[PDB]
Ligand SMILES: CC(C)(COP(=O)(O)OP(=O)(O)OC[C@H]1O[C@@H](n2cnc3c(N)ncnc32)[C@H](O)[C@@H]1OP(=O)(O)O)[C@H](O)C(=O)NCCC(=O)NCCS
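What follows is a single chain, given as structure tokens, in the form solved without coenzyme A (COA).
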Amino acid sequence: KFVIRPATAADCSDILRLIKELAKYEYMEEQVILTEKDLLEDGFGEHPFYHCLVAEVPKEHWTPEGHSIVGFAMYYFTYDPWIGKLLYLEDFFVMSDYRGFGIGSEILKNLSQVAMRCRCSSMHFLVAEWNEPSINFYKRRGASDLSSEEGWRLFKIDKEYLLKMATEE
């Protein structure tokens, strides 16, 4: 059927392909600026800024375009001053013609083992408020909505504004 395993440098082309496919899936249309070079340098350079798990399918079940990777999960470690190291799930995506096979649940299982192995007190991630199916999917597994409970809002300051603060009076 398929296997869930850590990504290797050779998988970066597959990951970018899936990221671009994910970007298309999304509704919040945004351009993917990442290049395979970035994924290689940032993930398999001196310091890994992200980690990926990939879902590989048997050679005789490849993608119509001849691809063995049909899914991926990107994560990294974060830190909380109160409790310490946390696991952060950035994104999770499985190709359309491969959903409903359990791949998604297997990735989640593997991420949970990573959390256990790396001594993470919990796993954080974002869910769009309008995505009720996903909200319930996670709540059914014990997830808590911290934005709803504690009022947290995600803020961002772009490079343009960062540059101003970096070089101001």
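Residues carry their position along the shown sequence, with the first being 1. Under this definition, the rigid core comprises the largest set of C-alpha atoms superposing within 1.5 Å between the forms.
Below, we refer to the form deposited with coenzyme A (COA) bound, which is not included among the displayed structures.
Using a 4.5 Å cut-off to coenzyme A (COA) in the deposited bound form, each of 25, 99 and 137 places a heavy atom inside that distance.
For residue 103, a non-hydrogen atom is located within 4.5 Å of coenzyme A (COA) in the deposited bound form, even though that partner is not displayed. Residue contact with coenzyme A (COA) in the deposited bound form: residue 92 places a heavy atom within 4.5 Å of it. Using a 4.5 angstroms threshold between heavy atoms, residue 141 counts as touching coenzyme A (COA) in the deposited bound form. Within this chain, residue 131 lines the site of coenzyme A (COA) in the deposited bound form, having a heavy atom no more than 4.5 Å away.
Residues within 4.5 angstroms of coenzyme A (COA) in the deposited bound form, judged by any non-hydrogen atom, belong to 25-33 and to none of the other stretches in 58-66, 45-53, 112-120, 25-33. Comparing the forms between the shown form and the other one on their rigid core, the Cα displacement of residue 65 stays under 2 Å.
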